[PDB]
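**Student:** Sharing a structure here in structure tokens format.
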Number of protein chains: 2
Amino acid sequence: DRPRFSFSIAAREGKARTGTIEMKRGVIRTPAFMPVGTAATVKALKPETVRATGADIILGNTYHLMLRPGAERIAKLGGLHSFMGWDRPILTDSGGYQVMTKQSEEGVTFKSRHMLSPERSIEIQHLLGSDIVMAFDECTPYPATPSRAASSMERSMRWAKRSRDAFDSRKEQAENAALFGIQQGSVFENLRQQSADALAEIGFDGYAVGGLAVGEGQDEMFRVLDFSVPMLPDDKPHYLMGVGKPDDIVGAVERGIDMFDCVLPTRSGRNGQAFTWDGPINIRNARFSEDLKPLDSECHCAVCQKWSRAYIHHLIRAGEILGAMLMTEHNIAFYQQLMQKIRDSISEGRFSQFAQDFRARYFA
Amino acid sequence: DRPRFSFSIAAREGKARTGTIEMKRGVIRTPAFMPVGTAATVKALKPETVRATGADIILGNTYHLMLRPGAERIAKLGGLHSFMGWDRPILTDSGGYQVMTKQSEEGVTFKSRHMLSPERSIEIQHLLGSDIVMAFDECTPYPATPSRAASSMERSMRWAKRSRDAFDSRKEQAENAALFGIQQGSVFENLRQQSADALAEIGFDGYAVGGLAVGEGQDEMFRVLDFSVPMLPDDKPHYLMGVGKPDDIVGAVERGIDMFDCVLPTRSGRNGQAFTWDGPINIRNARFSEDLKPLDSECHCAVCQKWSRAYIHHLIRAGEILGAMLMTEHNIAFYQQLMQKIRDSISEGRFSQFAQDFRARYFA
Ligand SMILES: O=c1[nH]c(=O)c2nn[nH]c2[nH]1
Ligand SMILES: O=c1[nH]c(=O)c2nn[nH]c2[nH]1
Ligand SMILES: [Zn+2]
Ligand SMILES: [Zn+2]
């Protein structure tokens, strides 16, 4: 049968890498973008359509699903894959970051009231049946004092060890799924180093850079990535959580990131924002009312093969569900085409040229 | 090339008929159900999905489209078919009934203010490019005195003649589209007869029974159909406007109706009502939370091949767009499967048995 988790780097250019993760439910091409499910659905898209855009893996929202329908119910119904009709890999967040409430060394309590711990988070992700399980971590406020960022990071590292142990104690989970650790430490180099050291001493299948979708700005995000990603084991995937805009993704790949997730293409699609190679546009704008061109005249997606800006403009202005469907399909397809161009350009040793050409046009 | 409008009856059983309408953009199998578009979209469905359910023709909403985007704009963009991506026949209502405001012999004025006349309605439907054009008629209140029903019907008949003349004066329209007249007369037999006589003296490609989606109850609707449908030319299609529930459709076919439209499968789908051969169910009900059966265990639609009641229950409770998509696809598919069973049973001389079996199970 297929491997549980096998990461292979096919090509490099500078700090950028391209390759594959082989898992039992399929292959993930990296750098990868994971569409975000909100409540066991990628908003407005059937799973076949998600796959048709090129997605290899989706993110399942543990925070939402643990309350309704609940993890035990989803397990009774056959697991999240069967429930939502997506048979390929699913990555689940741990839930602790989202819900952040009172915390302690045991875990986090939240509002009627509920308690999440590393052990309960691993069990919930087990019941959901996800393929990549995230360690249970804390949300560090931004800005944070060095001392508060330190205490938060060190609690997260103790929770990472407990996540590792709980995962390993469930033999079906350990045999069939993968476990990722999450680096914290806010914007402070020495804390990011201590966090990386702790995670590597525990050992994980992949390493996420956490705590950088906190509104700090791209310059500062890139600064932190500059010193943080090289601290992580080179031979394991690097996952930048909650990022981001297309230009964020390009710059983060240039700094060694292999995996991404963000609600932007789905959320902003329903709200009228379409991503294009010439930058984002708001299809609700009256300037599109008679525009017969597709959302993007170089996009390969099914929406751009069949419908005009003028039609989609009309649908969104009218509040029509089909408007949200077409905008979301195009935006996820655009993100997947971006990742494909990234992967191809690294494989061909032309990623620096691509990144320069991309930015010149996207921000023209 | 293909015929403009050719209606053929293949088989009869009692007053029920089954056959085909051949038009330039395709064949319509009768008895037919037309999904209703709201604003150049069948809510929550791509045109390919509408076709996949079995639909041969859809209804376009003239009232909505004449305001936004406007008929002239849709024509500038290539017509309604190109605009929404549906290349098969479209029937458009005339708009007068919907908007009903002040009226006169010229037409109707409504709120900023606008005026619709028979000539303007035909022109709007021409600009949209529809295949079946409806004569411009009046909305009769229900209940109505005989005298008010008479004056309304006779104004509608004068408007039907003006609709005929305006249609015939546009040679591209007359060569490529069809024109249906609308019988009025409220619940009064003598007025229904005078209306039928007037429409037949003008001559139309098809004849609608208007004014029976006014809340009168099924018993009274069937009573009016009993004497009204035989007044219409036998050799032309009979269209019952705005009807209806599955049991309404079966009984109306038994009384000689060939065509139907209703917002029920789309509207009630988004609101949690699913049609099944055992009657309607509300998928939001907690009793479906762990039900792994499809919406209907005999339905052939793609939703029922892939997803459970429990999943769709979750989606609708969560407010998710995919919930509306799956409910609407199933409900339109159910309606199309109902029409297919009707057509097959008439063709096979088993429609009386079907109707009896249908009602026993649907209302068990
Ligand atoms: O967007 C984010 N999601 C998470 O689950 C997370 N965990 N740490 N940082 C995070 N950022
Ligand atoms: O539902 C209806 N729609 C119409 O357009 C119409 N016209 N007459 N009766 C009608 N009923
Ligand atoms: Zn596109
Ligand atoms: Zn179905």
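Ordering of the structure tokens sets the chain letters (A, B, ...); residue numbers start at 1 within each chain; ligands are numbered from 1 in the order shown.
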Find the residues near region 64-75 of chain B: any atom within 9 Å, counting only C-alpha atoms, skip ones fewer than 5 places away on the same chain, and give them as a list in words.
**Tutor:**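 Non-adjacent residues within range: residues 289, 290, 314 and 318 of chain A; 38, 39, 40, 80, 83, 95, 123, 124, 125, 126, 127, 128 and 129 of chain B.
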**Student:** Keeping only N, CA and C atoms, write the selected residues as a CSV table (one decimal), in the first residue's frame.
**Tutor:**
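Generated file (part-v4.csv):
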chain,number,residue,atom,x,y,z
A,289,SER,N,-19.9,46.2,-15.5
A,289,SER,CA,-21.2,45.9,-15.8
A,289,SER,C,-21.4,45.4,-17.3
A,290,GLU,N,-20.5,45.9,-18.2
A,290,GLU,CA,-20.7,45.5,-19.6
A,290,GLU,C,-19.4,44.8,-20.1
A,314,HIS,N,-23.3,41.0,-12.3
A,314,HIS,CA,-24.7,41.0,-12.1
A,314,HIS,C,-25.1,40.0,-11.0
A,318,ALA,N,-26.9,41.1,-7.4
A,318,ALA,CA,-28.2,40.6,-7.2
A,318,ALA,C,-28.2,39.6,-5.9
B,38,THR,N,-34.4,33.3,-11.3
B,38,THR,CA,-34.8,34.5,-10.6
B,38,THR,C,-34.2,35.7,-11.1
B,39,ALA,N,-32.9,35.7,-11.4
B,39,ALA,CA,-32.3,36.9,-12.0
B,39,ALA,C,-31.2,36.4,-13.0
B,40,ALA,N,-31.6,35.7,-14.0
B,40,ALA,CA,-30.7,35.1,-15.0
B,40,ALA,C,-29.9,34.0,-14.4
B,80,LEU,N,-29.8,36.8,-23.5
B,80,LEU,CA,-29.9,36.1,-22.2
B,80,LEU,C,-29.2,34.7,-22.2
B,83,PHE,N,-25.5,35.3,-22.0
B,83,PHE,CA,-25.2,35.9,-20.7
B,83,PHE,C,-25.1,34.9,-19.6
B,95,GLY,N,-44.1,40.0,-17.6
B,95,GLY,CA,-43.8,41.0,-16.7
B,95,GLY,C,-45.0,41.7,-16.1
B,123,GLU,N,-41.1,43.7,-26.9
B,123,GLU,CA,-39.7,44.2,-27.2
B,123,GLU,C,-38.7,43.7,-26.2
B,124,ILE,N,-39.0,43.8,-24.9
B,124,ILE,CA,-38.1,43.3,-23.9
B,124,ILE,C,-37.8,41.8,-24.1
B,125,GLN,N,-38.8,41.0,-24.3
B,125,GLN,CA,-38.6,39.6,-24.5
B,125,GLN,C,-37.8,39.3,-25.8
B,126,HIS,N,-38.0,40.2,-26.8
B,126,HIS,CA,-37.2,40.1,-28.0
B,126,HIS,C,-35.7,40.4,-27.7
B,127,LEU,N,-35.4,41.5,-26.9
B,127,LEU,CA,-34.1,41.8,-26.6
B,127,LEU,C,-33.4,40.8,-25.8
B,128,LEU,N,-34.1,40.1,-24.9
B,128,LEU,CA,-33.6,39.0,-24.1
B,128,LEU,C,-33.3,37.8,-25.0
B,129,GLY,N,-34.0,37.6,-26.1
B,129,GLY,CA,-33.8,36.5,-27.0
B,129,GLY,C,-34.5,35.3,-26.6
**Student:** Identify, counting only C-alpha atoms and all ligand atoms, the protein, DNA and RNA residues located within 8 Å of ligand 1, and give them as number ranges by chain.
**Tutor:** A: 93-98, 134, 137-139, 182-184, 208-214, 240-243, 261-262
**Student:** Which of region 210-364 of chain A end up as helix (DSSP H, G or I) when DSSP is run on this backbone - answer as a ChimeraX atom specification?
**Tutor:** /A:218-231,246-253,264-270,286-288,302-306,309-317,321-347,351-362
**Student:** For ligand 4, which of B:311, B:167, B:53, B:316 is the closest residue, counting only C-alpha atoms and all ligand atoms?
**Tutor:**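 Residue with the minimum atom-to-atom distance to ligand 4: B:53.
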**Student:** Taking only C-alpha atoms and all ligand atoms into account, which residues have an atom no farther than 10 Å from ligand 3? I'd like them as a list in words.
**Tutor:**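 Result of the 10 Å neighbour search around ligand 3: residues 53, 274, 275, 276, 294, 295, 296, 297, 298, 299, 300, 301, 302, 303, 304, 305, 306, 307, 326, 327, 328, 329, 330, 331, 332, 333, 334, 335 and 337 of chain A.
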**Student:** Point out the residue among B:1, B:226, B:175, B:291 with the least atom-to-atom distance to chain A, counting only C-alpha atoms.
**Tutor:** B:291
**Student:** Give the strand (DSSP E or B) residues of region 181-300 of chain B, as assigned by DSSP on the backbone, as an MDAnalysis selection string.
**Tutor:** chainID B and resid 181:183 206:209 238:240 259:262 273:274 281:282
**Student:** What does the file look like for those residues with N, CA, C and O atoms, as a PDB file, in the first residue's frame?
**Tutor:**
ATOM      1  N   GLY B 181     -50.506  32.557 -25.743  1.00  0.00           N
ATOM      2  CA  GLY B 181     -51.553  33.373 -25.151  1.00  0.00           C
ATOM      3  C   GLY B 181     -51.935  32.856 -23.767  1.00  0.00           C
ATOM      4  O   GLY B 181     -51.692  31.696 -23.438  1.00  0.00           O
ATOM      5  N   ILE B 182     -52.533  33.719 -22.948  1.00  0.00           N
ATOM      6  CA  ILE B 182     -52.860  33.370 -21.561  1.00  0.00           C
ATOM      7  C   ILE B 182     -54.361  33.532 -21.348  1.00  0.00           C
ATOM      8  O   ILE B 182     -54.886  34.649 -21.407  1.00  0.00           O
ATOM      9  N   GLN B 183     -55.032  32.412 -21.062  1.00  0.00           N
ATOM     10  CA  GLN B 183     -56.435  32.415 -20.680  1.00  0.00           C
ATOM     11  C   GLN B 183     -56.618  32.992 -19.281  1.00  0.00           C
ATOM     12  O   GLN B 183     -55.901  32.629 -18.341  1.00  0.00           O
ATOM     13  N   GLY B 206     -49.167  28.313 -28.375  1.00  0.00           N
ATOM     14  CA  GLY B 206     -49.501  27.574 -27.177  1.00  0.00           C
ATOM     15  C   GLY B 206     -50.414  28.432 -26.337  1.00  0.00           C
ATOM     16  O   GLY B 206     -50.559  29.641 -26.569  1.00  0.00           O
ATOM     17  N   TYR B 207     -51.059  27.789 -25.372  1.00  0.00           N
ATOM     18  CA  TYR B 207     -52.109  28.419 -24.573  1.00  0.00           C
ATOM     19  C   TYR B 207     -51.842  28.141 -23.107  1.00  0.00           C
ATOM     20  O   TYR B 207     -51.835  26.988 -22.677  1.00  0.00           O
ATOM     21  N   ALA B 208     -51.675  29.191 -22.343  1.00  0.00           N
ATOM     22  CA  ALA B 208     -51.493  29.070 -20.916  1.00  0.00           C
ATOM     23  C   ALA B 208     -52.828  29.250 -20.210  1.00  0.00           C
ATOM     24  O   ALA B 208     -53.705  29.992 -20.665  1.00  0.00           O
ATOM     25  N   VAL B 209     -52.980  28.545 -19.096  1.00  0.00           N
ATOM     26  CA  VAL B 209     -54.062  28.774 -18.158  1.00  0.00           C
ATOM     27  C   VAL B 209     -53.493  29.687 -17.075  1.00  0.00           C
ATOM     28  O   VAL B 209     -52.657  29.269 -16.261  1.00  0.00           O
ATOM     29  N   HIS B 238     -50.562  23.174 -23.572  1.00  0.00           N
ATOM     30  CA  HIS B 238     -51.318  23.799 -22.496  1.00  0.00           C
ATOM     31  C   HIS B 238     -50.390  24.016 -21.306  1.00  0.00           C
ATOM     32  O   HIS B 238     -49.823  23.053 -20.778  1.00  0.00           O
ATOM     33  N   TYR B 239     -50.242  25.265 -20.874  1.00  0.00           N
ATOM     34  CA  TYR B 239     -49.240  25.638 -19.874  1.00  0.00           C
ATOM     35  C   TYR B 239     -49.922  26.195 -18.632  1.00  0.00           C
ATOM     36  O   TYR B 239     -50.577  27.230 -18.701  1.00  0.00           O
ATOM     37  N   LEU B 240     -49.790  25.500 -17.493  1.00  0.00           N
ATOM     38  CA  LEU B 240     -50.372  25.976 -16.236  1.00  0.00           C
ATOM     39  C   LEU B 240     -49.326  26.785 -15.473  1.00  0.00           C
ATOM     40  O   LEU B 240     -48.356  26.237 -14.952  1.00  0.00           O
ATOM     41  N   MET B 259     -47.345  21.741 -19.528  1.00  0.00           N
ATOM     42  CA  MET B 259     -46.182  22.510 -19.113  1.00  0.00           C
ATOM     43  C   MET B 259     -46.459  23.166 -17.772  1.00  0.00           C
ATOM     44  O   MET B 259     -47.582  23.611 -17.517  1.00  0.00           O
ATOM     45  N   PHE B 260     -45.406  23.262 -16.956  1.00  0.00           N
ATOM     46  CA  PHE B 260     -45.475  23.761 -15.586  1.00  0.00           C
ATOM     47  C   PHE B 260     -44.243  24.582 -15.264  1.00  0.00           C
ATOM     48  O   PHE B 260     -43.173  24.330 -15.801  1.00  0.00           O
ATOM     49  N   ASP B 261     -44.394  25.533 -14.348  1.00  0.00           N
ATOM     50  CA  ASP B 261     -43.265  26.201 -13.718  1.00  0.00           C
ATOM     51  C   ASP B 261     -43.672  26.567 -12.304  1.00  0.00           C
ATOM     52  O   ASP B 261     -44.839  26.870 -12.040  1.00  0.00           O
ATOM     53  N   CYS B 262     -42.683  26.582 -11.414  1.00  0.00           N
ATOM     54  CA  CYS B 262     -42.922  26.949 -10.029  1.00  0.00           C
ATOM     55  C   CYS B 262     -41.591  27.251  -9.357  1.00  0.00           C
ATOM     56  O   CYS B 262     -40.583  26.612  -9.673  1.00  0.00           O
ATOM     57  N   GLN B 273     -36.500  22.358   2.793  1.00  0.00           N
ATOM     58  CA  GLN B 273     -37.503  21.374   2.404  1.00  0.00           C
ATOM     59  C   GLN B 273     -36.993  20.557   1.220  1.00  0.00           C
ATOM     60  O   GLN B 273     -36.623  21.122   0.195  1.00  0.00           O
ATOM     61  N   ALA B 274     -36.954  19.238   1.378  1.00  0.00           N
ATOM     62  CA  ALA B 274     -36.582  18.309   0.319  1.00  0.00           C
ATOM     63  C   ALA B 274     -37.795  17.488  -0.088  1.00  0.00           C
ATOM     64  O   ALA B 274     -38.502  16.954   0.768  1.00  0.00           O
ATOM     65  N   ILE B 281     -39.823  16.507   3.308  1.00  0.00           N
ATOM     66  CA  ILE B 281     -39.183  16.480   4.621  1.00  0.00           C
ATOM     67  C   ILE B 281     -38.452  17.794   4.824  1.00  0.00           C
ATOM     68  O   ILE B 281     -38.045  18.446   3.857  1.00  0.00           O
ATOM     69  N   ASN B 282     -38.268  18.186   6.094  1.00  0.00           N
ATOM     70  CA  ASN B 282     -37.465  19.361   6.425  1.00  0.00           C
ATOM     71  C   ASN B 282     -36.142  18.868   6.974  1.00  0.00           C
ATOM     72  O   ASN B 282     -36.073  18.387   8.108  1.00  0.00           O
TER      73      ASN B 282
END
**Student:** Once you count only C-alpha atoms, which residues of chain A turn out to be within 6 Å of chain B? Could you give them as a list in words?
**Tutor:**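 In the required form, that comes to residues 44, 321 and 322 of chain A.
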**Student:** Save out the residues we just selected, C-alpha atoms, as a PDB file, in the first residue's frame.
**Tutor:**
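What ended up in again-v1.pdb:
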ATOM      1  CA  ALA A  44     -19.740  27.164  -2.167  1.00  0.00           C
ATOM      2  CA  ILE A 321     -25.668  32.087  -4.789  1.00  0.00           C
ATOM      3  CA  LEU A 322     -24.260  31.291  -8.231  1.00  0.00           C
TER       4      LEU A 322
END
**Student:** Check the smallest atom-to-atom distance from each of B:122, B:339, B:135, B:150 to ligand 2 using only C-alpha atoms and all ligand atoms, then report the winner.
**Tutor:**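 So, comparing all the options, the nearest one is B:135.
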**Student:** Pick out the residues sitting within 9 Å of region 151-165 of chain B, and hand them over as a VMD selection string; count only C-alpha atoms, and ignore anything fewer than 2 positions along from it in its own chain.
**Tutor:** chain B and resid 105 to 107 117 to 119 121 to 122 134 to 140 146 to 149 167 to 169 179 to 186 191 to 192 194 to 195 198 to 199 202 to 204
**Student:** Looking at only C-alpha atoms, which of A:19, A:244, A:60, A:79 is the one that sits closest to residue 344 (chain A)?
**Tutor:**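 Smallest separation from residue 344 (chain A) among the options: A:19.
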**Student:** Identify which of the residues B:10, B:263, B:174, B:32 lies closest to ligand 2, counting only C-alpha atoms and all ligand atoms when measuring atom-to-atom distances.
**Tutor:**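 Of the candidates, the smallest distance to ligand 2 is held by B:263.
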**Student:** From the options B:362, B:257, B:219, B:63, which residue's atoms come nearest to ligand 2, counting only C-alpha atoms and all ligand atoms?
**Tutor:**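 So, comparing all the options, the nearest one is B:63.
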**Student:** For CA of residue 256 (chain B) and CA of residue 216 (chain B), determine how far apart the two atoms are, in Å to one decimal place.
**Tutor:** 19.4 Å
